[PDB]
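A quick write-up on the structure given underneath.
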Amino acid sequence: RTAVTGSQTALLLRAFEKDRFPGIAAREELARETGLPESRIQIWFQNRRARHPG
Amino acid sequence: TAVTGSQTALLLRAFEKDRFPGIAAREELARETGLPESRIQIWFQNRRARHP
DNA sequence: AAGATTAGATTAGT
DNA sequence: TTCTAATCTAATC
């Protein structure tokens, strides 16, 4: 539906750099923080882990 | 970077017969053109968005 | 222009 | 059910 902002990006990375495989509870909280659907958060983490191993 | 005139000409005949070539079709084009497989796929992706 | 890359998303699946 | 791996589209160096 729309590109995400810089702040939303920064927040996901800060989370990403502490819990690379956030569980559903972690993902729902990030959803509320960012104003994104939970499904889009999951996709972000899946793609990010596939694109930045180690 | 930068493909030749001949390589371009060959790709269009293929594009106009198989617009979404699978790995086997794409691998054959690599040997035909002398290009890496990854660049042919990229070529097709760009061509389909710019020349449907 | 046209080649290359990035992000978001979808599908298939041991 | 969540994940990986390919791969597609759209948008952009």
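The way I read the labels, and the way they are meant: chains A, B, ... in the order of the structure tokens, residue 1 as the first residue of every chain, and ligand 1 as the first ligand shown, with later ones counted on from there.
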For region 38-41 of chain A, work out the shell of residues within 10 Å, counting only C-alpha atoms (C1' of nucleotides) and skipping chain neighbours fewer than 2 positions away, then give it as a PyMOL selection string. (chain A and resi 12+24+27-32+34-36+43-46) or (chain C and resi 8-9)
Residue 12 (chain D) surroundings by only C-alpha atoms (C1' of nucleotides), 12 Å radius, close-in-sequence under 3 positions cut, as an MDAnalysis selection string: chainID C and resid 4:7
Write the residues of the preceding selection, restricted to N, CA, C and O atoms (P, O5', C5', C4', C3', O3' and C1' of nucleotides), as a PDB file, in the first residue's frame.
ATOM      1  P    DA C   4      24.254  -5.437 -15.460  1.00  0.00           P
ATOM      2  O5'  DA C   4      23.886  -4.807 -14.044  1.00  0.00           O
ATOM      3  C5'  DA C   4      24.671  -3.745 -13.518  1.00  0.00           C
ATOM      4  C4'  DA C   4      24.096  -3.268 -12.208  1.00  0.00           C
ATOM      5  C3'  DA C   4      23.762  -4.393 -11.222  1.00  0.00           C
ATOM      6  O3'  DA C   4      24.613  -4.323 -10.087  1.00  0.00           O
ATOM      7  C1'  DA C   4      21.947  -2.810 -11.431  1.00  0.00           C
ATOM      8  P    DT C   5      24.478  -5.393  -8.897  1.00  0.00           P
ATOM      9  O5'  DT C   5      23.487  -4.671  -7.868  1.00  0.00           O
ATOM     10  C5'  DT C   5      23.658  -3.284  -7.593  1.00  0.00           C
ATOM     11  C4'  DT C   5      22.490  -2.716  -6.805  1.00  0.00           C
ATOM     12  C3'  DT C   5      22.012  -3.573  -5.623  1.00  0.00           C
ATOM     13  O3'  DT C   5      22.066  -2.812  -4.422  1.00  0.00           O
ATOM     14  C1'  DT C   5      20.185  -2.829  -6.921  1.00  0.00           C
ATOM     15  P    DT C   6      21.877  -3.514  -2.992  1.00  0.00           P
ATOM     16  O5'  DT C   6      20.399  -3.098  -2.571  1.00  0.00           O
ATOM     17  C5'  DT C   6      20.044  -1.731  -2.511  1.00  0.00           C
ATOM     18  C4'  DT C   6      18.580  -1.580  -2.156  1.00  0.00           C
ATOM     19  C3'  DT C   6      18.092  -2.514  -1.039  1.00  0.00           C
ATOM     20  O3'  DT C   6      17.451  -1.774  -0.010  1.00  0.00           O
ATOM     21  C1'  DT C   6      16.661  -2.659  -2.932  1.00  0.00           C
ATOM     22  P    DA C   7      16.754  -2.532   1.223  1.00  0.00           P
ATOM     23  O5'  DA C   7      15.213  -2.551   0.812  1.00  0.00           O
ATOM     24  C5'  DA C   7      14.627  -1.389   0.267  1.00  0.00           C
ATOM     25  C4'  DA C   7      13.123  -1.516   0.229  1.00  0.00           C
ATOM     26  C3'  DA C   7      12.520  -2.359   1.337  1.00  0.00           C
ATOM     27  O3'  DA C   7      11.199  -1.932   1.604  1.00  0.00           O
ATOM     28  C1'  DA C   7      12.206  -3.468  -0.701  1.00  0.00           C
TER      29       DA C   7
END
Identify every residue of chain B that has at least one atom within 12 Å of any atom of chain C, counting only C-alpha atoms (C1' of nucleotides), and report the result as a PyMOL selection string. chain B and resi 1-3+8+38-47+49-51
Only C-alpha atoms, please: the residues just picked out, written as a short mmCIF file (atom, residue, chain, number, x, y, z; two decimals), in the first residue's frame.
data_model
loop_
_atom_site.label_atom_id
_atom_site.label_comp_id
_atom_site.auth_asym_id
_atom_site.auth_seq_id
_atom_site.Cartn_x
_atom_site.Cartn_y
_atom_site.Cartn_z
CA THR B 1 28.08 -3.74 -18.06
CA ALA B 2 26.94 -2.70 -21.56
CA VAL B 3 25.73 -5.41 -23.94
CA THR B 8 20.35 -7.54 -27.70
CA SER B 38 22.37 -13.42 -13.42
CA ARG B 39 22.49 -10.62 -16.00
CA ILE B 40 20.03 -12.34 -18.38
CA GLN B 41 17.47 -12.69 -15.60
CA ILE B 42 17.97 -9.02 -14.72
CA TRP B 43 17.61 -8.11 -18.39
CA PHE B 44 14.28 -9.92 -18.59
CA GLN B 45 13.03 -8.38 -15.34
CA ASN B 46 13.84 -4.86 -16.56
CA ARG B 47 12.48 -5.51 -20.06
CA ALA B 49 8.60 -3.77 -16.59
CA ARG B 50 9.69 -1.35 -19.36
CA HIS B 51 8.36 -3.21 -22.47
#
Got a sec to pull out which chain A residues are within 12 Å of chain D, counting only C-alpha atoms (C1' of nucleotides), and send them as number ranges by chain? A: 1-3, 21-24, 42-43, 45-47, 49-51
Take the residues that were just selected and, keeping N, CA, C and O atoms, output them as a PDB file, in the first residue's frame.
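File produced: selection_4.pdb:
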ATOM      1  N   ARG A   1       0.824  -1.204   0.000  1.00  0.00           N
ATOM      2  CA  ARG A   1       0.000   0.000   0.000  1.00  0.00           C
ATOM      3  C   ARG A   1       0.862   1.259   0.000  1.00  0.00           C
ATOM      4  O   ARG A   1       0.469   2.276  -0.572  1.00  0.00           O
ATOM      5  N   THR A   2       2.036   1.207   0.626  1.00  0.00           N
ATOM      6  CA  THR A   2       2.823   2.427   0.724  1.00  0.00           C
ATOM      7  C   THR A   2       4.217   2.120   1.261  1.00  0.00           C
ATOM      8  O   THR A   2       4.400   1.206   2.072  1.00  0.00           O
ATOM      9  N   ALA A   3       5.190   2.898   0.782  1.00  0.00           N
ATOM     10  CA  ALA A   3       6.553   2.883   1.306  1.00  0.00           C
ATOM     11  C   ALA A   3       6.533   3.182   2.800  1.00  0.00           C
ATOM     12  O   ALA A   3       5.669   3.913   3.288  1.00  0.00           O
ATOM     13  N   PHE A  21      14.750 -13.345  15.440  1.00  0.00           N
ATOM     14  CA  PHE A  21      13.594 -14.217  15.230  1.00  0.00           C
ATOM     15  C   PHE A  21      12.579 -13.881  16.308  1.00  0.00           C
ATOM     16  O   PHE A  21      12.303 -14.683  17.208  1.00  0.00           O
ATOM     17  N   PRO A  22      12.020 -12.676  16.256  1.00  0.00           N
ATOM     18  CA  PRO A  22      11.039 -12.283  17.263  1.00  0.00           C
ATOM     19  C   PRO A  22       9.834 -13.197  17.153  1.00  0.00           C
ATOM     20  O   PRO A  22       9.375 -13.519  16.054  1.00  0.00           O
ATOM     21  N   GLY A  23       9.324 -13.620  18.300  1.00  0.00           N
ATOM     22  CA  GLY A  23       8.110 -14.399  18.328  1.00  0.00           C
ATOM     23  C   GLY A  23       6.894 -13.535  18.096  1.00  0.00           C
ATOM     24  O   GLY A  23       6.967 -12.316  17.951  1.00  0.00           O
ATOM     25  N   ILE A  24       5.740 -14.196  18.053  1.00  0.00           N
ATOM     26  CA  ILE A  24       4.511 -13.500  17.692  1.00  0.00           C
ATOM     27  C   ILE A  24       4.269 -12.354  18.658  1.00  0.00           C
ATOM     28  O   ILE A  24       3.782 -11.286  18.267  1.00  0.00           O
ATOM     29  N   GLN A  42       6.337  -9.337   9.853  1.00  0.00           N
ATOM     30  CA  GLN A  42       6.919 -10.657   9.623  1.00  0.00           C
ATOM     31  C   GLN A  42       7.689 -10.700   8.308  1.00  0.00           C
ATOM     32  O   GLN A  42       8.819 -11.197   8.252  1.00  0.00           O
ATOM     33  N   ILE A  43       7.078 -10.197   7.233  1.00  0.00           N
ATOM     34  CA  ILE A  43       7.732 -10.195   5.928  1.00  0.00           C
ATOM     35  C   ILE A  43       9.053  -9.443   6.004  1.00  0.00           C
ATOM     36  O   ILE A  43      10.080  -9.908   5.499  1.00  0.00           O
ATOM     37  N   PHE A  45      11.059  -9.014   8.583  1.00  0.00           N
ATOM     38  CA  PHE A  45      12.075  -9.813   9.250  1.00  0.00           C
ATOM     39  C   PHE A  45      12.524 -10.961   8.361  1.00  0.00           C
ATOM     40  O   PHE A  45      13.720 -11.272   8.313  1.00  0.00           O
ATOM     41  N   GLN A  46      11.587 -11.629   7.679  1.00  0.00           N
ATOM     42  CA  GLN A  46      11.978 -12.738   6.815  1.00  0.00           C
ATOM     43  C   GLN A  46      12.923 -12.278   5.717  1.00  0.00           C
ATOM     44  O   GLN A  46      13.963 -12.904   5.481  1.00  0.00           O
ATOM     45  N   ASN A  47      12.608 -11.151   5.075  1.00  0.00           N
ATOM     46  CA  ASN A  47      13.442 -10.665   3.978  1.00  0.00           C
ATOM     47  C   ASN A  47      14.781 -10.186   4.510  1.00  0.00           C
ATOM     48  O   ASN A  47      15.831 -10.459   3.927  1.00  0.00           O
ATOM     49  N   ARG A  49      16.389 -11.183   7.224  1.00  0.00           N
ATOM     50  CA  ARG A  49      17.265 -12.301   7.547  1.00  0.00           C
ATOM     51  C   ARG A  49      17.793 -12.990   6.300  1.00  0.00           C
ATOM     52  O   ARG A  49      18.916 -13.506   6.305  1.00  0.00           O
ATOM     53  N   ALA A  50      17.003 -13.027   5.231  1.00  0.00           N
ATOM     54  CA  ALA A  50      17.492 -13.631   4.004  1.00  0.00           C
ATOM     55  C   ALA A  50      18.537 -12.778   3.293  1.00  0.00           C
ATOM     56  O   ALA A  50      19.420 -13.315   2.612  1.00  0.00           O
ATOM     57  N   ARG A  51      18.438 -11.459   3.425  1.00  0.00           N
ATOM     58  CA  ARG A  51      19.378 -10.501   2.844  1.00  0.00           C
ATOM     59  C   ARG A  51      20.599 -10.147   3.686  1.00  0.00           C
ATOM     60  O   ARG A  51      21.584  -9.662   3.117  1.00  0.00           O
TER      61      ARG A  51
END
Taking only chain B into account, list the residues labelled alpha helix (DSSP H) by DSSP (computed from the backbone), as a PyMOL selection string. chain B and resi 5-15+23-33+37-50
Convert the current residue selection to file output with N, CA, C and O atoms, as a compact mmCIF listing (two decimals), in the first residue's frame.
# COMPACT_ATOMS: atom_id res chain seq x y z
N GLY B 5 25.31 -5.09 -29.65
CA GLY B 5 24.13 -5.00 -30.49
C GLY B 5 23.57 -6.36 -30.83
O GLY B 5 22.35 -6.58 -30.78
N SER B 6 24.45 -7.31 -31.16
CA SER B 6 24.06 -8.68 -31.48
C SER B 6 23.38 -9.38 -30.30
O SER B 6 22.38 -10.08 -30.49
N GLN B 7 23.91 -9.21 -29.09
CA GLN B 7 23.32 -9.89 -27.94
C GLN B 7 21.90 -9.40 -27.69
O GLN B 7 21.01 -10.18 -27.36
N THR B 8 21.69 -8.09 -27.84
CA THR B 8 20.35 -7.54 -27.70
C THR B 8 19.40 -8.19 -28.71
O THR B 8 18.33 -8.70 -28.33
N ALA B 9 19.81 -8.28 -29.97
CA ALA B 9 18.94 -8.80 -31.03
C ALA B 9 18.47 -10.22 -30.74
O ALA B 9 17.30 -10.56 -30.96
N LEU B 10 19.38 -11.07 -30.25
CA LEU B 10 19.04 -12.45 -29.92
C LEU B 10 18.00 -12.53 -28.80
O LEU B 10 17.04 -13.30 -28.87
N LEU B 11 18.20 -11.74 -27.75
CA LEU B 11 17.29 -11.74 -26.60
C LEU B 11 15.85 -11.38 -26.97
O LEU B 11 14.91 -11.94 -26.39
N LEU B 12 15.64 -10.46 -27.92
CA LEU B 12 14.26 -10.10 -28.25
C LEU B 12 13.51 -11.27 -28.88
O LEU B 12 12.33 -11.49 -28.58
N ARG B 13 14.15 -12.05 -29.76
CA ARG B 13 13.43 -13.17 -30.34
C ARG B 13 13.01 -14.14 -29.24
O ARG B 13 11.89 -14.66 -29.25
N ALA B 14 13.91 -14.39 -28.28
CA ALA B 14 13.57 -15.22 -27.13
C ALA B 14 12.47 -14.59 -26.29
O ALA B 14 11.50 -15.26 -25.91
N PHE B 15 12.61 -13.30 -25.99
CA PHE B 15 11.59 -12.63 -25.19
C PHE B 15 10.22 -12.79 -25.81
O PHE B 15 9.24 -13.08 -25.12
N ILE B 23 14.86 -21.40 -15.46
CA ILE B 23 16.31 -21.44 -15.32
C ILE B 23 16.94 -22.15 -16.51
O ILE B 23 18.03 -21.77 -16.96
N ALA B 24 16.30 -23.20 -17.03
CA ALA B 24 16.91 -23.93 -18.14
C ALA B 24 16.96 -23.07 -19.40
O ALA B 24 17.98 -23.02 -20.09
N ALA B 25 15.86 -22.37 -19.70
CA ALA B 25 15.84 -21.47 -20.85
C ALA B 25 16.85 -20.34 -20.67
O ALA B 25 17.54 -19.95 -21.62
N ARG B 26 16.92 -19.82 -19.45
CA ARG B 26 17.80 -18.70 -19.14
C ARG B 26 19.27 -19.12 -19.19
O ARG B 26 20.13 -18.35 -19.62
N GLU B 27 19.56 -20.35 -18.76
CA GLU B 27 20.92 -20.85 -18.82
C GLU B 27 21.38 -21.00 -20.26
O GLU B 27 22.53 -20.71 -20.59
N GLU B 28 20.48 -21.45 -21.14
CA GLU B 28 20.81 -21.57 -22.56
C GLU B 28 21.15 -20.21 -23.16
O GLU B 28 22.12 -20.08 -23.92
N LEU B 29 20.37 -19.18 -22.82
CA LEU B 29 20.66 -17.84 -23.32
C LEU B 29 22.02 -17.36 -22.85
O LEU B 29 22.70 -16.61 -23.56
N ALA B 30 22.42 -17.73 -21.63
CA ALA B 30 23.75 -17.37 -21.15
C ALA B 30 24.83 -17.90 -22.09
O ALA B 30 25.73 -17.16 -22.50
N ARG B 31 24.77 -19.20 -22.42
CA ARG B 31 25.75 -19.75 -23.36
C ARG B 31 25.66 -19.10 -24.74
O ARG B 31 26.68 -18.81 -25.36
N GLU B 32 24.44 -18.86 -25.23
CA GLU B 32 24.29 -18.24 -26.54
C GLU B 32 24.94 -16.86 -26.58
O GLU B 32 25.65 -16.52 -27.54
N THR B 33 24.71 -16.05 -25.55
CA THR B 33 25.15 -14.66 -25.57
C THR B 33 26.55 -14.45 -25.01
O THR B 33 27.17 -13.42 -25.30
N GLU B 37 24.49 -15.81 -16.27
CA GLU B 37 23.09 -16.11 -16.02
C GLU B 37 22.38 -15.00 -15.24
O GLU B 37 21.25 -14.64 -15.56
N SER B 38 23.04 -14.44 -14.22
CA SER B 38 22.37 -13.42 -13.42
C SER B 38 21.99 -12.19 -14.22
O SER B 38 20.94 -11.58 -13.97
N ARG B 39 22.80 -11.80 -15.21
CA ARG B 39 22.49 -10.62 -16.00
C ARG B 39 21.33 -10.83 -16.97
O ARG B 39 20.53 -9.92 -17.20
N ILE B 40 21.19 -12.04 -17.52
CA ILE B 40 20.03 -12.34 -18.38
C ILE B 40 18.73 -12.22 -17.60
O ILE B 40 17.77 -11.60 -18.07
N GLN B 41 18.68 -12.82 -16.41
CA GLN B 41 17.47 -12.69 -15.60
C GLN B 41 17.16 -11.22 -15.36
O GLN B 41 16.02 -10.78 -15.54
N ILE B 42 18.16 -10.45 -14.95
CA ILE B 42 17.97 -9.02 -14.72
C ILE B 42 17.47 -8.34 -15.98
O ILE B 42 16.54 -7.53 -15.94
N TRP B 43 18.07 -8.67 -17.13
CA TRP B 43 17.61 -8.11 -18.39
C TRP B 43 16.13 -8.36 -18.61
O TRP B 43 15.36 -7.43 -18.91
N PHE B 44 15.69 -9.59 -18.41
CA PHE B 44 14.28 -9.92 -18.59
C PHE B 44 13.41 -9.18 -17.58
O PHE B 44 12.33 -8.69 -17.93
N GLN B 45 13.84 -9.10 -16.32
CA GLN B 45 13.03 -8.38 -15.34
C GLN B 45 12.85 -6.92 -15.74
O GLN B 45 11.75 -6.38 -15.65
N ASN B 46 13.93 -6.27 -16.19
CA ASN B 46 13.84 -4.86 -16.56
C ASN B 46 13.01 -4.68 -17.83
O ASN B 46 12.18 -3.77 -17.92
N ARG B 47 13.20 -5.58 -18.79
CA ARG B 47 12.48 -5.51 -20.06
C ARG B 47 10.99 -5.71 -19.88
O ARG B 47 10.19 -5.03 -20.53
N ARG B 48 10.58 -6.65 -19.02
CA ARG B 48 9.15 -6.80 -18.82
C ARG B 48 8.51 -5.61 -18.12
O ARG B 48 7.34 -5.30 -18.38
N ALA B 49 9.21 -4.95 -17.19
CA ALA B 49 8.60 -3.77 -16.59
C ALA B 49 8.59 -2.56 -17.52
O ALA B 49 7.69 -1.72 -17.44
N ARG B 50 9.62 -2.43 -18.38
CA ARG B 50 9.69 -1.35 -19.36
C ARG B 50 9.06 -1.62 -20.73
O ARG B 50 8.64 -0.66 -21.39
